[PDB]
file work_22.pdb (PDB, C-alpha atoms)
ATOM      1  CA  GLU A  53      17.324 -49.234 -47.756
ATOM      2  CA  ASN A  54      17.823 -45.588 -48.727
ATOM      3  CA  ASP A  55      14.278 -45.355 -50.095
ATOM      4  CA  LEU A  56      13.018 -46.305 -46.628
ATOM      5  CA  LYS A  57      15.068 -43.547 -44.999
ATOM      6  CA  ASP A  58      13.626 -40.994 -47.415
ATOM      7  CA  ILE A  59       9.973 -42.001 -47.020
ATOM      8  CA  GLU A  60       9.869 -41.893 -43.196
ATOM      9  CA  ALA A  61      10.803 -38.226 -43.249
ATOM     10  CA  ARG A  62       8.199 -37.610 -45.934
ATOM     11  CA  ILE A  63       5.359 -39.217 -43.941
ATOM     12  CA  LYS A  64       6.360 -37.210 -40.908
ATOM     13  CA  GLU A  65       6.527 -33.911 -42.756
ATOM     14  CA  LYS A  66       3.148 -34.305 -44.419
ATOM     15  CA  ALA A  67       1.360 -35.347 -41.215
ATOM     16  CA  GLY A  68       2.599 -32.098 -39.702
ATOM     17  CA  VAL A  69       3.596 -31.102 -36.181
ATOM     18  CA  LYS A  70       0.910 -29.648 -33.959
ATOM     19  CA  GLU A  71       0.434 -28.404 -30.405
ATOM     20  CA  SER A  72      -2.043 -30.330 -28.271
ATOM     21  CA  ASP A  73      -4.748 -28.235 -26.593
ATOM     22  CA  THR A  74      -7.080 -29.383 -23.825
ATOM     23  CA  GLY A  75     -10.862 -29.742 -24.214
ATOM     24  CA  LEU A  76     -14.151 -30.571 -22.426
ATOM     25  CA  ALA A  77     -17.102 -32.437 -23.994
ATOM     26  CA  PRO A  78     -19.596 -31.397 -21.263
ATOM     27  CA  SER A  79     -18.950 -27.844 -22.520
ATOM     28  CA  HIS A  80     -20.672 -27.407 -25.844
ATOM     29  CA  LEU A  81     -21.695 -23.932 -24.774
ATOM     30  CA  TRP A  82     -19.035 -21.846 -23.114
ATOM     31  CA  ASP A  83     -20.172 -18.421 -24.334
ATOM     32  CA  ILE A  84     -22.935 -18.347 -21.844
ATOM     33  CA  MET A  85     -20.296 -17.320 -19.274
ATOM     34  CA  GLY A  86     -17.456 -16.621 -21.676
ATOM     35  CA  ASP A  87     -19.092 -13.517 -23.037
ATOM     36  CA  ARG A  88     -19.360 -12.008 -19.548
ATOM     37  CA  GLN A  89     -15.653 -12.360 -18.996
ATOM     38  CA  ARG A  90     -15.047 -10.850 -22.422
ATOM     39  CA  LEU A  91     -14.917  -7.433 -24.068
ATOM     40  CA  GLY A  92     -15.510  -4.899 -21.276
ATOM     41  CA  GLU A  93     -13.659  -4.132 -18.083
ATOM     42  CA  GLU A  94     -14.761  -6.074 -15.039
ATOM     43  CA  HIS A  95     -11.436  -6.572 -14.918
ATOM     44  CA  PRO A  96      -8.182  -8.508 -14.862
ATOM     45  CA  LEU A  97      -6.102  -7.045 -12.195
ATOM     46  CA  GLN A  98      -2.566  -5.818 -11.980
ATOM     47  CA  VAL A  99      -1.490  -7.733  -8.918
ATOM     48  CA  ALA A 100       0.043  -5.705  -6.120
ATOM     49  CA  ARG A 101       0.967  -6.111  -2.490
ATOM     50  CA  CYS A 102       0.566  -3.976   0.605
ATOM     51  CA  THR A 103       3.838  -2.675   2.006
ATOM     52  CA  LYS A 104       2.459  -0.352   4.713
TER      53      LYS A 104
ATOM     54  CA  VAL B 146       6.091  12.235  -0.969
ATOM     55  CA  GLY B 147       2.890  11.837  -2.854
ATOM     56  CA  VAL B 148       2.912  12.798  -6.522
ATOM     57  CA  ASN B 149      -0.157  13.110  -8.705
ATOM     58  CA  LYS B 150       0.209  10.493 -11.400
ATOM     59  CA  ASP B 151      -1.719  12.214 -14.168
ATOM     60  CA  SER B 152       0.448  15.349 -14.056
ATOM     61  CA  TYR B 153       3.466  15.138 -11.846
ATOM     62  CA  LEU B 154       3.055  17.579  -8.968
ATOM     63  CA  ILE B 155       3.685  16.974  -5.256
ATOM     64  CA  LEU B 156       0.275  16.314  -3.844
ATOM     65  CA  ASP B 157       1.156  15.752  -0.209
ATOM     66  CA  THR B 158       3.717  14.283   2.129
ATOM     67  CA  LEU B 159       3.509  10.765   3.479
ATOM     68  CA  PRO B 160       5.506   8.819   6.064
ATOM     69  CA  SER B 161       8.551   6.900   4.915
ATOM     70  CA  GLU B 162       8.289   3.479   3.254
ATOM     71  CA  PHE B 163       9.255   0.208   4.923
ATOM     72  CA  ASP B 164       9.624  -3.199   3.411
ATOM     73  CA  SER B 165       6.900  -5.725   4.108
ATOM     74  CA  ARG B 166       9.017  -8.139   6.104
ATOM     75  CA  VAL B 167       9.983  -5.238   8.389
ATOM     76  CA  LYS B 168       6.435  -4.251   9.145
ATOM     77  CA  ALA B 169       5.682  -7.586  10.793
ATOM     78  CA  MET B 170       8.558  -7.285  13.207
ATOM     79  CA  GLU B 171       6.238  -5.231  15.382
ATOM     80  CA  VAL B 172       4.158  -6.419  18.283
ATOM     81  CA  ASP B 173       0.506  -7.134  17.620
ATOM     82  CA  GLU B 174      -0.508  -7.895  21.272
ATOM     83  CA  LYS B 175       2.392 -10.198  21.939
ATOM     84  CA  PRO B 176       1.746 -12.550  24.898
ATOM     85  CA  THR B 177       3.903 -12.253  27.983
ATOM     86  CA  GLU B 178       5.581 -15.269  29.590
ATOM     87  CA  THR B 179       6.701 -13.482  32.725
ATOM     88  CA  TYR B 180       9.061 -14.671  35.426
ATOM     89  CA  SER B 181       6.509 -17.286  36.391
ATOM     90  CA  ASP B 182       7.747 -19.521  33.570
ATOM     91  CA  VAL B 183      11.290 -19.217  34.938
ATOM     92  CA  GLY B 184      12.495 -21.013  38.025
ATOM     93  CA  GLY B 185      16.168 -21.171  38.755
ATOM     94  CA  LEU B 186      18.844 -18.839  37.324
ATOM     95  CA  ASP B 187      17.792 -15.543  38.830
ATOM     96  CA  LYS B 188      21.204 -13.954  38.301
ATOM     97  CA  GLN B 189      20.742 -13.980  34.557
ATOM     98  CA  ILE B 190      17.509 -12.092  34.829
ATOM     99  CA  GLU B 191      19.045  -9.369  36.924
ATOM    100  CA  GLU B 192      21.761  -8.646  34.434
ATOM    101  CA  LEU B 193      19.219  -8.386  31.645
ATOM    102  CA  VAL B 194      17.058  -5.858  33.445
ATOM    103  CA  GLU B 195      20.002  -3.627  34.320
ATOM    104  CA  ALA B 196      21.455  -3.689  30.814
ATOM    105  CA  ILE B 197      18.396  -3.026  28.687
ATOM    106  CA  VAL B 198      15.287  -1.942  30.490
ATOM    107  CA  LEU B 199      16.513   0.597  32.987
ATOM    108  CA  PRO B 200      18.704   2.728  30.664
ATOM    109  CA  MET B 201      15.540   3.245  28.628
ATOM    110  CA  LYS B 202      13.350   4.376  31.461
ATOM    111  CA  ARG B 203      16.069   5.769  33.719
ATOM    112  CA  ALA B 204      17.726   7.528  30.825
ATOM    113  CA  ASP B 205      18.223  10.804  32.752
ATOM    114  CA  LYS B 206      20.305   9.232  35.496
ATOM    115  CA  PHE B 207      22.497   7.939  32.778
ATOM    116  CA  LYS B 208      23.391  11.433  31.617
ATOM    117  CA  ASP B 209      24.027  12.410  35.197
ATOM    118  CA  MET B 210      26.438   9.519  35.460
ATOM    119  CA  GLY B 211      28.199  10.854  32.378
ATOM    120  CA  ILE B 212      28.323   7.675  30.282
ATOM    121  CA  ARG B 213      27.051   6.574  26.834
ATOM    122  CA  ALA B 214      24.106   4.287  26.147
ATOM    123  CA  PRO B 215      24.390   0.543  25.548
ATOM    124  CA  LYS B 216      23.884  -0.705  22.046
ATOM    125  CA  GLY B 217      22.930  -4.193  23.184
TER     126      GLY B 217
END
call {"tool": "encode", "arguments": {"input": "work_22.pdb", "output": "structure tokens"}}
result
Amino acid sequence: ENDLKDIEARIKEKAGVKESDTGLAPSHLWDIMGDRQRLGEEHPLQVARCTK
Amino acid sequence: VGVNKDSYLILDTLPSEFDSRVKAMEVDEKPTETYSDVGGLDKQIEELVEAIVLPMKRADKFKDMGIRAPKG
């Protein structure tokens, strides 16, 4: 019984914990429009709001 | 006031700030509903005109009378 308890934790530890991340198969090229958004300033904007 | 960001010096003067919710209190071409949407209860109307509208416009007579303005 105690060997079972020990091996479940071992299987879990060796499989590892990971963080799921979304994908898209119809995108096999994304640095046809990713490169334009990247590396210069065209710009991501500090959001503000008109007060007067 | 205005202050130049790069090196802090008064650039200019500017009018005083107001908070955004307070800037929409104003009219923007508000529609009128005038006394043509009101039938019955004339007495109420008369009291309203005397209290509010006429001490604004007839504000000199009020000083003549020797009394202080209404706050509401």
call {"tool": "resolve_selection", "arguments": {"input": "work_22.pdb", "expression": "the PyMOL selection byres ((chain A) within 12 of (chain B))", "output": "number ranges by chain"}}
result
A: 101-104
call {"tool": "axis_aligned_box", "arguments": {"input": "work_22.pdb", "around": "stretch 171-185 of chain B", "padding_each_side": "6 Å", "output": "AutoDock Vina command-line options"}}
result
--center_x 7.8 --center_y -13.2 --center_z 27.1 --size_x 28.7 --size_y 27.9 --size_z 35.4
call {"tool": "resolve_selection", "arguments": {"input": "work_22.pdb", "expression": "the PyMOL selection byres ((chain B and resi 200) around 12)", "output": "PyMOL selection string"}}
result
chain B and resi 193-199+201-210+212-217
call {"tool": "write_last_selection", "arguments": {"input": "work_22.pdb", "atoms": "C-alpha atoms", "output": "PDB file, keeping the file's coordinate frame"}}
result
ATOM      1  CA  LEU B 193      19.219  -8.386  31.645  1.00  0.00           C
ATOM      2  CA  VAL B 194      17.058  -5.858  33.445  1.00  0.00           C
ATOM      3  CA  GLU B 195      20.002  -3.627  34.320  1.00  0.00           C
ATOM      4  CA  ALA B 196      21.455  -3.689  30.814  1.00  0.00           C
ATOM      5  CA  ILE B 197      18.396  -3.026  28.687  1.00  0.00           C
ATOM      6  CA  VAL B 198      15.287  -1.942  30.490  1.00  0.00           C
ATOM      7  CA  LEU B 199      16.513   0.597  32.987  1.00  0.00           C
ATOM      8  CA  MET B 201      15.540   3.245  28.628  1.00  0.00           C
ATOM      9  CA  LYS B 202      13.350   4.376  31.461  1.00  0.00           C
ATOM     10  CA  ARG B 203      16.069   5.769  33.719  1.00  0.00           C
ATOM     11  CA  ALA B 204      17.726   7.528  30.825  1.00  0.00           C
ATOM     12  CA  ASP B 205      18.223  10.804  32.752  1.00  0.00           C
ATOM     13  CA  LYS B 206      20.305   9.232  35.496  1.00  0.00           C
ATOM     14  CA  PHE B 207      22.497   7.939  32.778  1.00  0.00           C
ATOM     15  CA  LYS B 208      23.391  11.433  31.617  1.00  0.00           C
ATOM     16  CA  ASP B 209      24.027  12.410  35.197  1.00  0.00           C
ATOM     17  CA  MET B 210      26.438   9.519  35.460  1.00  0.00           C
ATOM     18  CA  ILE B 212      28.323   7.675  30.282  1.00  0.00           C
ATOM     19  CA  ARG B 213      27.051   6.574  26.834  1.00  0.00           C
ATOM     20  CA  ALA B 214      24.106   4.287  26.147  1.00  0.00           C
ATOM     21  CA  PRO B 215      24.390   0.543  25.548  1.00  0.00           C
ATOM     22  CA  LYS B 216      23.884  -0.705  22.046  1.00  0.00           C
ATOM     23  CA  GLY B 217      22.930  -4.193  23.184  1.00  0.00           C
TER      24      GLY B 217
END
call {"tool": "atom_distance", "arguments": {"input": "work_22.pdb", "atom1": "atom CA of residue A:92", "atom2": "atom CA of residue B:150"}}
result
24.1 Å
call {"tool": "atom_distance", "arguments": {"input": "work_22.pdb", "atom1": "atom CA of residue A:55", "atom2": "atom CA of residue A:68"}}
result
20.5 Å
call {"tool": "atom_distance", "arguments": {"input": "work_22.pdb", "atom1": "atom CA of residue A:77", "atom2": "atom CA of residue A:91"}}
result
25.1 Å
call {"tool": "residues_around", "arguments": {"input": "work_22.pdb", "residues": "residue B:146", "least_positions_apart": "2", "cutoff": "7 Å", "atoms": "all atoms listed in the file", "output": "PyMOL selection string"}}
result
chain B and resi 148+155+157-159
call {"tool": "build_atoms", "arguments": {"input": "work_22.pdb", "residues": "stretch 61-96 of chain A", "atoms": "N, CA and C atoms", "output": "tab-separated table (two decimals), in the coordinates of the input"}}
result
chain	number	residue	atom	x	y	z
A	61	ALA	N	10.81	-39.67	-43.43
A	61	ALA	CA	10.80	-38.23	-43.25
A	61	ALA	C	9.64	-37.61	-44.00
A	62	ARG	N	9.33	-38.15	-45.18
A	62	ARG	CA	8.20	-37.61	-45.93
A	62	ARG	C	6.86	-37.80	-45.20
A	63	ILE	N	6.59	-39.01	-44.71
A	63	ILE	CA	5.36	-39.22	-43.94
A	63	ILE	C	5.27	-38.28	-42.75
A	64	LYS	N	6.39	-38.07	-42.07
A	64	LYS	CA	6.36	-37.21	-40.91
A	64	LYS	C	6.05	-35.77	-41.29
A	65	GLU	N	6.67	-35.31	-42.37
A	65	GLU	CA	6.53	-33.91	-42.76
A	65	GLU	C	5.11	-33.61	-43.20
A	66	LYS	N	4.49	-34.55	-43.91
A	66	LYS	CA	3.15	-34.30	-44.42
A	66	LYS	C	2.09	-34.43	-43.33
A	67	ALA	N	2.30	-35.30	-42.33
A	67	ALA	CA	1.36	-35.35	-41.22
A	67	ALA	C	1.33	-34.01	-40.49
A	68	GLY	N	2.48	-33.37	-40.37
A	68	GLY	CA	2.60	-32.10	-39.70
A	68	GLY	C	2.82	-32.26	-38.21
A	69	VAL	N	3.45	-31.25	-37.63
A	69	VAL	CA	3.60	-31.10	-36.18
A	69	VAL	C	2.57	-30.13	-35.64
A	70	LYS	N	1.90	-30.52	-34.56
A	70	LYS	CA	0.91	-29.65	-33.96
A	70	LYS	C	1.05	-29.66	-32.45
A	71	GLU	N	0.39	-28.68	-31.84
A	71	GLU	CA	0.43	-28.40	-30.40
A	71	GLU	C	-0.90	-28.84	-29.81
A	72	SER	N	-0.85	-29.87	-28.98
A	72	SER	CA	-2.04	-30.33	-28.27
A	72	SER	C	-2.64	-29.28	-27.34
A	73	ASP	N	-3.97	-29.19	-27.37
A	73	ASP	CA	-4.75	-28.24	-26.59
A	73	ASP	C	-5.90	-28.97	-25.93
A	74	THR	N	-6.09	-28.69	-24.64
A	74	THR	CA	-7.08	-29.38	-23.82
A	74	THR	C	-8.51	-29.03	-24.24
A	75	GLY	N	-9.44	-29.95	-23.94
A	75	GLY	CA	-10.86	-29.74	-24.21
A	75	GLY	C	-11.81	-30.14	-23.09
A	76	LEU	N	-13.13	-30.09	-23.36
A	76	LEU	CA	-14.15	-30.57	-22.43
A	76	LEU	C	-15.45	-30.78	-23.19
A	77	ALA	N	-15.89	-32.03	-23.30
A	77	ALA	CA	-17.10	-32.44	-23.99
A	77	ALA	C	-18.38	-31.99	-23.28
A	78	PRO	N	-18.46	-32.03	-21.95
A	78	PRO	CA	-19.60	-31.40	-21.26
A	78	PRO	C	-19.68	-29.89	-21.40
A	79	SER	N	-18.79	-29.24	-22.14
A	79	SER	CA	-18.95	-27.84	-22.52
A	79	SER	C	-19.11	-27.83	-24.03
A	80	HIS	N	-20.34	-27.64	-24.46
A	80	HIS	CA	-20.67	-27.41	-25.84
A	80	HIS	C	-21.17	-26.00	-26.00
A	81	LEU	N	-21.35	-25.33	-24.87
A	81	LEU	CA	-21.70	-23.93	-24.77
A	81	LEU	C	-20.78	-23.42	-23.68
A	82	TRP	N	-19.97	-22.45	-24.03
A	82	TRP	CA	-19.04	-21.85	-23.11
A	82	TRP	C	-19.12	-20.34	-23.20
A	83	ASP	N	-19.91	-19.83	-24.14
A	83	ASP	CA	-20.17	-18.42	-24.33
A	83	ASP	C	-21.59	-18.15	-23.86
A	84	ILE	N	-21.89	-18.79	-22.74
A	84	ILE	CA	-22.94	-18.35	-21.84
A	84	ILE	C	-22.33	-17.66	-20.64
A	85	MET	N	-21.07	-17.97	-20.31
A	85	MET	CA	-20.30	-17.32	-19.27
A	85	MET	C	-18.96	-16.86	-19.81
A	86	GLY	N	-18.68	-17.12	-21.09
A	86	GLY	CA	-17.46	-16.62	-21.68
A	86	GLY	C	-17.63	-15.19	-22.11
A	87	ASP	N	-18.84	-14.83	-22.50
A	87	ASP	CA	-19.09	-13.52	-23.04
A	87	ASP	C	-19.08	-12.46	-21.94
A	88	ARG	N	-19.36	-12.88	-20.71
A	88	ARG	CA	-19.36	-12.01	-19.55
A	88	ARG	C	-17.95	-11.65	-19.13
A	89	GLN	N	-17.04	-12.58	-19.31
A	89	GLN	CA	-15.65	-12.36	-19.00
A	89	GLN	C	-14.97	-11.57	-20.09
A	90	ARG	N	-15.64	-11.41	-21.22
A	90	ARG	CA	-15.05	-10.85	-22.42
A	90	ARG	C	-15.56	-9.43	-22.68
A	91	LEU	N	-14.67	-8.63	-23.26
A	91	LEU	CA	-14.92	-7.43	-24.07
A	91	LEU	C	-15.18	-6.10	-23.37
A	92	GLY	N	-15.52	-6.10	-22.08
A	92	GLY	CA	-15.51	-4.90	-21.28
A	92	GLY	C	-14.49	-4.99	-20.17
A	93	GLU	N	-14.65	-4.14	-19.15
A	93	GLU	CA	-13.66	-4.13	-18.08
A	93	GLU	C	-14.46	-4.55	-16.85
A	94	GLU	N	-14.14	-5.69	-16.29
A	94	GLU	CA	-14.76	-6.07	-15.04
A	94	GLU	C	-13.79	-6.75	-14.10
A	95	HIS	N	-12.68	-7.28	-14.59
A	95	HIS	CA	-11.44	-6.57	-14.92
A	95	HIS	C	-10.38	-7.63	-14.63
A	96	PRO	N	-9.31	-7.73	-15.37
A	96	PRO	CA	-8.18	-8.51	-14.86
A	96	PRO	C	-7.07	-7.62	-14.35
